[PDB]
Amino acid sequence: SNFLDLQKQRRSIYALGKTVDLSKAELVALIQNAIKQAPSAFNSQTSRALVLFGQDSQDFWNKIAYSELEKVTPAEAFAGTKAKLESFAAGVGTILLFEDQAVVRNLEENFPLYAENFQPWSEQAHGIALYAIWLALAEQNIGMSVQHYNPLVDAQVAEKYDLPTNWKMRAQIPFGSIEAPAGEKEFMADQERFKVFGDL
């Protein structure tokens, strides 16, 4: 098999469970290594990550995200939110990805000739880290989805885990065993997406 097979295997999984065959040490090393190997502009390595397990992971969703969402969600709609938060907490853990703003700013100040690009290149590096993790877990038959309850949960997350303010949260990832396969995904016409020129 090749990389294309793994790419096809990787999908967004919303039905997660706790039946994984890897330990904490193996899960931690898998995640961190996947992120460490993900490239970044000038090897700035602005990628930061928080990995939660057990009660911690579940509390992030059922307590942190929960308390914040009820302050902005309609009463007649909260029931559906609580259930959704539970589905994410039903997994093995949660990964929170951050981008170190102190490193991006240091770059802007020292190399203004590039400045404008540091912010976008930082967002690009985050995406790369996200895909790196997604691929690494998919190969191990571990499912996950990408969530964006930021910056709503930012405040509480930082205080609870003594996270520097410069660590700007960009995504929260619940992961676990795959309890239900994803459905049919759609693709756009390749003709209006790509263009080839030249021969070689």
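Residues carry their position along the shown sequence, with the first being 1.
Undergrad: Decide which of the stretches 157 to 165 and 43 to 51 has the higher mean C-alpha B-factor, going by the entry.
TA: In the deposited entry, the stretch with the higher C-alpha B-factor mean is 157 to 165.
Undergrad: When the C-alpha temperature factors are averaged for each of 71 to 79 and 89 to 97, which stretch ends up with the higher value in the entry?
TA: It is 71 to 79.
Undergrad: Within this chain's modelled residues, let me know which third the CA B factor of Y149 belongs to: lowest, middle or highest.
TA: As the PDB entry reports it, the C-alpha B-factor of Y149 lands in the middle third of its chain.
Undergrad: Could you place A125 in the lowest, middle or highest third of its chain by Cα temperature factor, using the values in the record?
TA: As the PDB entry reports it, the C-alpha B-factor of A125 lands in the lowest third of its chain.
Undergrad: Report the third (lowest, middle or highest) to which the CA temperature factor of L6 belongs, ranking only the modelled residues of the same chain.
TA: Within its chain, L6 is a lowest-third residue by C-alpha B-factor, going by the deposited values.
Undergrad: Report the third (lowest, middle or highest) to which the CA temperature factor of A180 belongs, ranking only the modelled residues of the same chain.
TA: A180: CA B-factor falls in the highest third of its chain.
Undergrad: Please place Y131 in the lowest, middle or highest third of its chain by C-alpha B factor as given in the entry.
TA: Tercile = lowest for this residue's CA B-factor.
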